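Chemist: let me see the structure of the following:
(chains A, B, C, D and E, ligands or ions: 25)
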Amino acid sequence: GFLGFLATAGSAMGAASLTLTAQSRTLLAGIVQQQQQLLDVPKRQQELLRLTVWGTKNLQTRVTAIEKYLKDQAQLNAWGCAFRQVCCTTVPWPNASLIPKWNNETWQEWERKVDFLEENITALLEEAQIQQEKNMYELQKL
Amino acid sequence: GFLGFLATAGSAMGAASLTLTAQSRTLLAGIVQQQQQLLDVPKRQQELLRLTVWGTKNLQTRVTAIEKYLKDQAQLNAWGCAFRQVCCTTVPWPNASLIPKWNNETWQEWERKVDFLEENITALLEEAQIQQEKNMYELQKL
Amino acid sequence: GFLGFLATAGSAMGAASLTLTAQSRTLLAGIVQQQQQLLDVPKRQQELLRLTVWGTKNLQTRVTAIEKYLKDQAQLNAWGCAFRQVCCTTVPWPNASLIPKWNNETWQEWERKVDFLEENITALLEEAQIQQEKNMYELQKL
Amino acid sequence: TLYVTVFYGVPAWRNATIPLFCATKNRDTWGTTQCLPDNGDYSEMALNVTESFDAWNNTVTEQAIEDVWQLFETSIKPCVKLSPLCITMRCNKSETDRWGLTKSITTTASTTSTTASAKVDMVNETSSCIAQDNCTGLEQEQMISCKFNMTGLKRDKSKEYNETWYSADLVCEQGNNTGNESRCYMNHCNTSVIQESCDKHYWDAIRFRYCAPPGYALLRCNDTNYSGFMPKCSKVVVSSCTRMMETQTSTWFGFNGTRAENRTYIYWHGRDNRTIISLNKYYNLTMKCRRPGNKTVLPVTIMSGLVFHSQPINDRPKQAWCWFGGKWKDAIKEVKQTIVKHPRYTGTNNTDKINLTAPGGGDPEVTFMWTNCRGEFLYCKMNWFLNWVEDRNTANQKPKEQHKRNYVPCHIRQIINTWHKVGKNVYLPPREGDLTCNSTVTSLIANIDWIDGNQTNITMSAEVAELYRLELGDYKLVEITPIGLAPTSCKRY
Amino acid sequence: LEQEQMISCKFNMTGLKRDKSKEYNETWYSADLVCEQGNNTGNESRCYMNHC
Ligand SMILES: *[C@@H]1O[C@H](CO)[C@@H](O[C@@H]2O[C@H](CO)[C@@H](O[C@@H]3O[C@H](CO[C@H]4O[C@H](CO[C@H]5O[C@H](CO)[C@@H](O)[C@H](O)[C@@H]5O)[C@@H](O)[C@H](O[C@H]5O[C@H](CO)[C@@H](O)[C@H](O)[C@@H]5O[C@H]5O[C@H](CO)[C@@H](O)[C@H](O)[C@@H]5O)[C@@H]4O)[C@@H](O)[C@H](O[C@H]4O[C@H](CO)[C@@H](O)[C@H](O)[C@@H]4O)[C@@H]3O)[C@H](O)[C@H]2NC(C)=O)[C@H](O)[C@H]1NC(C)=O
Ligand SMILES: *[C@@H]1O[C@H](CO)[C@@H](O[C@@H]2O[C@H](CO)[C@@H](O[C@@H]3O[C@H](CO[C@H]4O[C@H](CO)[C@@H](O)[C@H](O)[C@@H]4O)[C@@H](O)[C@H](O[C@H]4O[C@H](CO)[C@@H](O)[C@H](O)[C@@H]4O[C@H]4O[C@H](CO)[C@@H](O)[C@H](O)[C@@H]4O)[C@@H]3O)[C@H](O)[C@H]2NC(C)=O)[C@H](O)[C@H]1NC(C)=O
Ligand SMILES: *[C@@H]1O[C@H](CO)[C@@H](O[C@@H]2O[C@H](CO)[C@@H](O[C@@H]3O[C@H](CO[C@H]4O[C@H](CO)[C@@H](O)[C@H](O)[C@@H]4O)[C@@H](O)[C@H](O[C@H]4O[C@H](CO)[C@@H](O)[C@H](O)[C@@H]4O)[C@@H]3O)[C@H](O)[C@H]2NC(C)=O)[C@H](O)[C@H]1NC(C)=O
Ligand SMILES: *[C@@H]1O[C@H](CO[C@@H]2O[C@@H](C)[C@@H](O)[C@@H](O)[C@@H]2O)[C@@H](O[C@@H]2O[C@H](CO)[C@@H](O)[C@H](O)[C@H]2NC(C)=O)[C@H](O)[C@H]1NC(C)=O
Ligand SMILES: *[C@@H]1O[C@H](CO[C@@H]2O[C@@H](C)[C@@H](O)[C@@H](O)[C@@H]2O)[C@@H](O[C@@H]2O[C@H](CO)[C@@H](O)[C@H](O)[C@H]2NC(C)=O)[C@H](O)[C@H]1NC(C)=O
Ligand SMILES: *[C@@H]1O[C@H](CO[C@@H]2O[C@@H](C)[C@@H](O)[C@@H](O)[C@@H]2O)[C@@H](O[C@@H]2O[C@H](CO)[C@@H](O)[C@H](O)[C@H]2NC(C)=O)[C@H](O)[C@H]1NC(C)=O
Ligand SMILES: *[C@@H]1O[C@H](CO)[C@@H](O[C@@H]2O[C@H](CO)[C@@H](O)[C@H](O)[C@H]2NC(C)=O)[C@H](O)[C@H]1NC(C)=O
Ligand SMILES: *[C@@H]1O[C@H](CO)[C@@H](O[C@@H]2O[C@H](CO)[C@@H](O)[C@H](O)[C@H]2NC(C)=O)[C@H](O)[C@H]1NC(C)=O
Ligand SMILES: *[C@@H]1O[C@H](CO)[C@@H](O)[C@H](O)[C@H]1NC(C)=O
Ligand SMILES: *[C@@H]1O[C@H](CO)[C@@H](O)[C@H](O)[C@H]1NC(C)=O
Ligand SMILES: *[C@@H]1O[C@H](CO)[C@@H](O)[C@H](O)[C@H]1NC(C)=O
Ligand SMILES: *[C@@H]1O[C@H](CO)[C@@H](O)[C@H](O)[C@H]1NC(C)=O
Ligand SMILES: *[C@@H]1O[C@H](CO)[C@@H](O)[C@H](O)[C@H]1NC(C)=O
Ligand SMILES: *[C@@H]1O[C@H](CO)[C@@H](O)[C@H](O)[C@H]1NC(C)=O
Ligand SMILES: *[C@@H]1O[C@H](CO)[C@@H](O)[C@H](O)[C@H]1NC(C)=O
Ligand SMILES: *[C@@H]1O[C@H](CO)[C@@H](O)[C@H](O)[C@H]1NC(C)=O
Ligand SMILES: *[C@@H]1O[C@H](CO)[C@@H](O)[C@H](O)[C@H]1NC(C)=O
Ligand SMILES: *[C@@H]1O[C@H](CO)[C@@H](O)[C@H](O)[C@H]1NC(C)=O
Ligand SMILES: *[C@@H]1O[C@H](CO)[C@@H](O)[C@H](O)[C@H]1NC(C)=O
Ligand SMILES: *[C@@H]1O[C@H](CO)[C@@H](O)[C@H](O)[C@H]1NC(C)=O
Ligand SMILES: *[C@@H]1O[C@H](CO)[C@@H](O)[C@H](O)[C@H]1NC(C)=O
Ligand SMILES: *[C@@H]1O[C@H](CO)[C@@H](O)[C@H](O)[C@H]1NC(C)=O
Ligand SMILES: *[C@@H]1O[C@H](CO)[C@@H](O)[C@H](O)[C@H]1NC(C)=O
Ligand SMILES: *[C@@H]1O[C@H](CO)[C@@H](O)[C@H](O)[C@H]1NC(C)=O
Ligand SMILES: *[C@@H]1O[C@H](CO)[C@@H](O)[C@H](O)[C@H]1NC(C)=O
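Modeler: Numbering: from 1, shown residues only, chains lettered A, B, ... in the order given. Ligands and ions are numbered 1, 2, ... in the order given. The structure is reproduced below:
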């Protein structure tokens, strides 16, 4: 589609350049080409669109494109900062033993050093957003 | 997945505690487990993924998870207040004959008393948002 | 579903009246009726839900409803102005040779005069949003 | 002043009627193809809510019934059809006459014997009569050695084969056979085509549980007063997945149930007199069935290349039979007492006027107990058992049925009319070797039917599908719909 | 108006019992038969279905 995400790999975390439109673009390129094929197959074979294996493998790939897009949006909305880049959430970093070398390490190298933190962090980020929402709920009610 | 929505049932409407991340969490737990199974079935049976009944029943359940998530987001965006908790819309309540006992009644008991209002209210909430949007359209144009 | 979009056709671009809730409403009307049928077919025929052609044609139409909704939301988020009506983006119009008669021409007549501009504009609109996001990224980081 | 506003994230729900996911532990064949792995999370939360539960009109139970049936159908669909075998077979005449499939008037039998012959015979684990398959009153299995001409993949060549049928599986042409070699056909071929149930179905246990899709949940009634129909259950428990279900099929008694508790429960249909009686696990009720002998199995390739499994036993083994252990007398007394005290019962309070009984009629589908032992279906005649467990005064039940025993004679049937409402006949391949099954008894499937304050008849039933309504039943499937409306003063700008 | 044109024909058909068969009475519309021609100096013509 473009693969501009991978294009900056090796540039280090600082000044890596983050792009928020990148998932929309990979999905959009995908949907258009797959839709054209959905309408093209019936020109010769309309009956066996899902009966045989190719139509169930292609269904899983079309479903994955949609489910993947939505998982990112759902996780971001759970955190609430879907369009905030750095998001600036209130959950503290777990420990001082895992601090990135912002000017030496690449995001690819860094993320693999925090895989065991993400499991606890995702929940904490959601909890922080939930309490902020509870506080606003009460302000709107009263 | 968690079922934290149902967990507070019986607590009364006031102080019920509303959570906005709850649908994202039910969807996310679902998508991950179903994706793992989509990749696991082909290990033994790749051809008959949708031909036989189990693959069409499971398709309806995967489709429902996505359609349900999107119906909530689409209805909320039609109203416009997707991330506003109480939303604070401008449509007046239909009559004084149906006022909740915020400190005695539960949301489960209350909603069943307004099922015949929701049919008219949904449309009114959308209309109110539409006029607000029309007013901003003109301000942006002029 | 309502078709309020087409309902104002022929009114001219100025005062055409734009509605942002309109795609949510077409999708919502669709999902509810199709879900009712998904649950109704198994009453008599649960096994052949996707094996035969009708279930793959209906799958393509249900998939289209979802993919179409998401393409609009994905393109809008790439531009970033999903709920801003006129959006007020920073990309300049390509040339003075193509200026609408806001009080004479209809959106249907106008859009067909800019089909060859949209191909270049979509990318420019995304680029403008990307740089704005880069600027905020740096402000949040520093 | 008061605006509708929108409350998102609301703790509320409505009735759902959607398909559920299955999840299992046995993934050797069926499980991998159709199910998710069992997560192992069986925890639940209690809610301070009141809800309406019903077992005979649910979505959870009605999927269990249809799903078990449907997974059966997709398993047999590709197996060898036996229409090529619906030919005249040449059967030994003596054995056809002895078992009564054909007639003879040259046997002119006459018997003189003692009529005051009723006996009481008890067996237990520590007995040679079980090990040797020779308990008082057991006879020979009833098998007709038959020959037939079958063609394989070579087309222009054929062979004669040795097949021994259970009498239950043959029709046999009658009239003017003054010699030998009677002419027999399979019992259910001519009105239909018999298909072999080749993919090991019923040779192992099928267990699975259901899970709600995202946005949905299962509520369960966790009362002790739940009797199948309960309009207001005060103990409502919420979870995402059901308990593990045993998809076992039988008549009269249910075996290996998950709802095995130290209590007797009786579920009644709200609009009917049909019930499922669980049995109290306190009494360790168990049924141990045996298939004496050592079977040989011979694969035969038929024309299309698919294989049929023949049974060339060429021997005369004893009848298949079942032994009932555990404290049956006391478990049954509790059933009678539980019925007397039940909210829906307005019959007799005299437990000596409440009796277990077979359904009437001459139809084997209801009068015999039908049970599955690793792939072979057995049909048991239970008069000896019922007379024993009830300590019945037999007296006038014809010499053979006037015994009190804790075991019953049974027979094997290979051509089976399946349990769902289909009318489909399948052939069950024989198991090689000897068979033994040791199952627990967890339920009694019966109707309770009384018309007065004397005689209540707990009538054993053949409605195997209702067994699924004891395994599940207490579940309700609901949709979480977390958007609410409510008047409040807090209007935007 | 004339008569419908129908040829009463007999044939031997085998059912589910395989080694047994019966003769059946079938009346065809002429439009549906082919019929072999030449040197039938008796009766019982030899016909097949029109499109088989
Ligand atoms: C979520 O899921 C749950 C779980 O399934 C749902 O809960 C169930 O909801 C059903 C309705 O949707 C309820 O059934 C209905 O009950 C009505 C009331 O029944 C009683 O009163 C009857 C007569 O009373 C009249 O007069 C009084 C005042 O004097 C009025 O107030 C009444 O309204 C009436 O006008 C009486 O006959 C009933 O007793 C008989 O039926 C009950 C059935 O529950 C039996 O248990 C009794 O033993 C008795 O049985 C006789 O009749 C049956 C035939 O049904 C025969 O088989 C028996 O042999 C015997 O002769 C009660 O005392 C009923 O009026 C109503 O029936 C009408 O409507 C249905 C269609 O809905 C038609 O098919 C009928 O033919 C008839 O016209 C119906 O039975 C369930 O009780 C309830 N279950 C539980 C556990 O609570 C829930 O709704 C779902 N929610 C959502 C949102 O989906
Ligand atoms: C009510 O509940 C009870 C309790 O759960 C249940 O009884 C049990 O049923 C299960 C399932 O049928 C039985 O488990 C099987 O037992 C056989 C026999 O094992 C004994 O005898 C052998 C003799 O060789 C001894 O070696 C052995 O130690 C035991 O004493 C096993 O053979 C079965 O395993 C097969 O499948 C495995 C899959 O992983 C293979 O790895 C293994 O090699 C076996 O393969 C054989 O079968 C295959 C069929 O697919 C075939 O293809 C192969 O070629 C080969 O033939 C399995 O362990 C268990 O023993 C029963 N226990 C008791 C006490 O009865 C009741 O059935 C249930 N009743 C109802 C009505 O629901
Ligand atoms: C798992 O499941 C088992 C089986 O149901 C339970 O075992 C039963 O437990 C109950 C409660 O303790 C027992 O009931 C009591 O039996 C006593 C003994 O009575 C014997 O003699 C009389 C004749 O006089 C016989 O009818 C009877 O069957 C016995 O042979 C009684 O003395 C007790 O009486 C009490 O209640 C009555 C009201 O009914 C009062 O009037 C009395 O004054 C007194 O308070 C009582 O009836 C029952 O016998 C046990 N059954 C068996 C087979 O052992 C387990 O308890 C259960 N496990 C758990 C953990 O709950
Ligand atoms: C298995 O049964 C034996 C014999 O008991 C008799 O026969 C049974 C089939 C049944 O009809 C019983 O009611 C009969 O009493 C048991 O052996 C006896 O055990 C009792 C103690 O409970 C002892 O007093 C007797 O002397 C024993 N009899 C003999 C001949 O030794 C045996 O214990 C039972 N097995 C099990 C596992 O319970
Ligand atoms: C399928 O076969 C059954 C039984 O076969 C007949 O009766 C046996 C005892 C034996 O003599 C066979 O050779 C016979 O072919 C048929 O059931 C009988 O149907 C007739 C009516 O035509 C009726 O008078 C008999 O009482 C029935 N007998 C029994 C035992 O049910 C059945 O009709 C056959 N089905 C088809 C489609 O041919
Ligand atoms: C299918 O059959 C037709 C017709 O059958 C032949 O002609 C009938 C009048 C009768 O005499 C039948 O017994 C005959 O078998 C075949 O059509 C004929 O084909 C030949 C060429 O081989 C041609 O010369 C004739 O004119 C055709 N006659 C007609 C009426 O069309 C046809 O070829 C057969 N198809 C196949 C695959 O065998
Ligand atoms: C079911 O129970 C029977 C006992 O009633 C088991 O059979 C015994 O097995 C042991 C070990 O091989 C032998 O020493 C005994 O002699 C056997 N008893 C009899 C009466 O034959 C049987 O193995 C159990 N389960 C299965 C599946 O076979
Ligand atoms: C279950 O069976 C009992 C026994 O026949 C039924 O009880 C009768 O109900 C009618 C009213 O419909 C009364 O007039 C009779 O007097 C009752 N008979 C007795 C012996 O009490 C009962 O209605 C049946 N249950 C259902 C749901 O149909
Ligand atoms: C990648 O390698 C090229 C040389 O092939 C070098 O010029 C460039 O600066 C490198 N970029 C990064 C981020 O290391
Ligand atoms: C603390 O740092 C170590 C790395 O030295 C890491 O393995 C561990 O998981 C960290 N603990 C927490 C709570 O983050
Ligand atoms: C990068 O490595 C150098 C040593 O070569 C070190 O002095 C510097 O502090 C490191 N950068 C960061 C961000 O830690
Ligand atoms: C629910 O019931 C428990 C007692 O079992 C009680 O302590 C708790 O306060 C109740 N909660 C609500 C919301 O009623
Ligand atoms: C007025 O209140 C009654 C309840 O008493 C309700 O049934 C009715 O629908 C309400 N009318 C409107 C317009 O909300
Ligand atoms: C709750 O009920 C009491 C009476 O028991 C009543 O005085 C009170 O006003 C009710 N609460 C609300 C919110 O209406
Ligand atoms: C459409 O035509 C009708 C006459 O049939 C006219 O009254 C109306 O003003 C026209 N609307 C537009 C937008 O041209
Ligand atoms: C300039 O205007 C002409 C119409 O006269 C149009 O065809 C052309 O594509 C426009 N060029 C650009 C860069 O928009
Ligand atoms: C509409 O057409 C008239 C001529 O009939 C012209 O004077 C006017 O400027 C046009 N409107 C626009 C917006 O160009
Ligand atoms: C269900 O009831 C049992 C008592 O029979 C109790 O121990 C258990 O905790 C209850 N379940 C829940 C979720 O409360
Ligand atoms: C089951 O209950 C539903 C209401 O939820 C009702 O419409 C249906 O008729 C009932 N089915 C039976 C068994 O009558
Ligand atoms: C059947 O078995 C006997 C041995 O009892 C053997 O002599 C005979 O040849 C066998 N017949 C066929 C057809 O296999
Ligand atoms: C047996 O033979 C007699 C003639 O001796 C004949 O009347 C009778 O119908 C025959 N029965 C059968 C079943 O063929
Ligand atoms: C029994 O079968 C044999 C052939 O194996 C035949 O010769 C003999 O005559 C038959 N018996 C009778 C009574 O017909
Ligand atoms: C055909 O019908 C005649 C009566 O017109 C009847 O005598 C004859 O037996 C029937 N033939 C067949 C094969 O059914
Ligand atoms: C009819 O018989 C004659 C001989 O008499 C032969 O020449 C001719 O070919 C035959 N016709 C047919 C159609 O068989
Ligand atoms: C007509 O058919 C009969 C047999 O039913 C036969 O005997 C007769 O000879 C045939 N007619 C001619 C002319 O061959």
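Chemist: ok, the most centrally placed residue in chain A to residue D:284 distance?
Modeler: Closest residue to the average C-alpha location of chain A: residue A:72 at 3.4 Å, with CA atoms, centre = their mean. Residue A:72 sits 55 Å away from residue D:284 when distances are taken as CB to CB, to the nearest Å. To be clear about C-beta, it is placed using only N, CA and C from the backbone, and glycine gets the same treatment.
Chemist: one step back: using the three-state scheme, assign the residue nearest to the centre of chain A.
Modeler: Under DSSP: H, G, I helix; E, B strand; the rest coil, residue A:72 falls in the helix class.
Chemist: so who does it touch?
Modeler: residue A:23 (CB atoms under 8 Å, 6 or more residues apart in numbering or on different chains).
Chemist: continuing past the lengthiest helix in chain D, what's the next helix or strand?
Modeler: Ordering each helix of chain D by length in residues (DSSP state H) puts helix D:60-76 first. For helix D:60-76, the succeeding helix or strand toward the C-terminus, using DSSP states H and E, is strand D:89-91.
Chemist: packing partners of that following strand?
Modeler: strand D:143-151, strand D:182-184 (3 or more CB pairs under 8 Å, 6 or more residues apart in numbering or on different chains; DSSP states H and E).
Chemist: okay, these in a markdown table with mean neighbour count next?
Modeler: Below are these laid out as a markdown table (neighbours: other CB atoms under 10 Å in any protein chain shown):
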| stretch | mean neighbour count |
| --- | --- |
| strand D:143-151 | 19 |
| strand D:182-184 | 22 |
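Chemist: circling back to that earlier point, roughly how far apart are the residue nearest to the centre of chain A and residue A:128?
Modeler: Distance of residue A:72 to residue A:128, computed by CB to CB: 19 Å.
Chemist: what segments of the stretch 1-150 of chain D are helices?
Modeler: D:30-34, D:60-76, D:93-98, D:128-131 (DSSP state H, counting those that start in this stretch).
Chemist: ok, the residue of the stretch 251-400 of chain D found nearest ligand 10 - contacts?
Modeler: Ligand 10 sits closest to residue D:258 of the stretch 251-400 of chain D, with a gap of 40.7 Å, by CB to the nearest ligand atom. Applying CB under 8 Å, 6+ apart to residue D:258 gives the contacts D:243-246, D:471.
Chemist: grab the nearest non-local neighbour of residue D:265.
Modeler: Using CB to CB, 6 or more residues apart in numbering or on different chains and skipping residues adjacent in sequence, the residue nearest residue D:265 is residue D:278, 4.6 Å away.
Chemist: packing partners for the helix or strand hosting residue A:28?
Modeler: Here residue A:28 is covered by helix A:22-40, with elements defined by DSSP H and E. If contacts are counted by 3+ CB pairs under 8 Å, 6+ apart, helix A:22-40 sits against helix A:54-79, helix C:54-79.
Chemist: so which of those helices gets nearest residue B:29?
Modeler: Closest approach to residue B:29 among the helices and strands packed on helix A:22-40 is made by helix A:54-79 (10.3 Å; CB to CB).
Chemist: between the closest one and helix C:54-79, how big is the angle?
Modeler: 40 degrees (axes from the mean of the first three to the mean of the last three CA atoms, to 10 degrees).
Chemist: could you pull out the buried residues of helix A:54-79?
Modeler: The neighbour-count criterion (16 or more other CB atoms under 10 Å in any protein chain shown) identifies A:55-56, A:58-60, A:62-63, A:65-67, A:69-71, A:73-79 as the buried residues of helix A:54-79.
Chemist: next: stretch D:441-453.
Modeler: Within stretch D:441-453, judged by 16+ other CB under 10 Å, the buried ones are D:441-448, D:450.
Chemist: up against ligand 10, what does chain A have?
Modeler: Residues of chain A lying close to ligand 10 by CB under 6 Å from any ligand atom are A:94-95, A:97-98, A:116-117.
Chemist: just so I know, which of the helices of the stretch 1-150 of chain D lies nearest residue A:133?
Modeler: Closest to residue A:133 of the helices of the stretch 1-150 of chain D is helix D:60-76 (CB to CB; 33.7 Å).
Chemist: close to chain C, is that closest one?
Modeler: Yes. Using CB under 8 Å from any CB of the partner chain, we find that helix D:60-76 touches chain C at D:66, D:70.
Chemist: dump the residue contacts of the closest residue in space to residue A:42 that isn't next to it in sequence.
Modeler: Nearest in space to residue A:42, with sequence neighbours left out and distances taken as CB to CB, 6+ apart, is residue A:49 at 7.2 Å. Neighbour list for residue A:49: A:41-42, A:55, C:53, C:56-57, C:59-60 [criterion: CB under 8 Å, 6+ apart].
Chemist: which single one of those is nearest to residue D:45?
Modeler: Ranked by distance to residue D:45 (CB to CB), the contacts of residue A:49 are led by residue C:59 at 36.6 Å.
Chemist: measure that closest one to residue C:51 for me?
Modeler: From residue C:59 to residue C:51 the distance is 11 Å (CB to CB).
Chemist: what's the answer for residue D:445, then?
Modeler: 36 Å.
Chemist: show me what residue of chain D gets nearest to ligand 7.
Modeler: Taking CB to the nearest ligand atom, chain D has residue D:436 as its residue nearest ligand 7, at 3.5 Å.
Chemist: thought that residue was touching residue D:287?
Modeler: No. Counting by CB atoms under 8 Å, residue D:436 stays clear of residue D:287, with 11.5 Å between them.
Chemist: neighbour count: those two, which is higher?
Modeler: residue D:287 (25 against 11; other CB atoms under 10 Å in any protein chain shown).
Chemist: I'd say residue D:9 and residue B:24 touch.
Modeler: No. Between residue D:9 and residue B:24 there is no contact under CB under 8 Å: 10.9 Å.
Chemist: okay, the helices of the stretch 1-150 of chain D in CSV with mean neighbour count next?
Modeler: Shown next, in CSV, are the helices of the stretch 1-150 of chain D (neighbours: other CB under 10 Å):
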stretch, mean neighbour count
helix D:30-34, 20
helix D:60-76, 20
helix D:93-98, 19
helix D:128-131, 12
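Chemist: thinking again about what came up before, which neighbours do residue C:59 and residue C:51 share?
Modeler: residue A:50.
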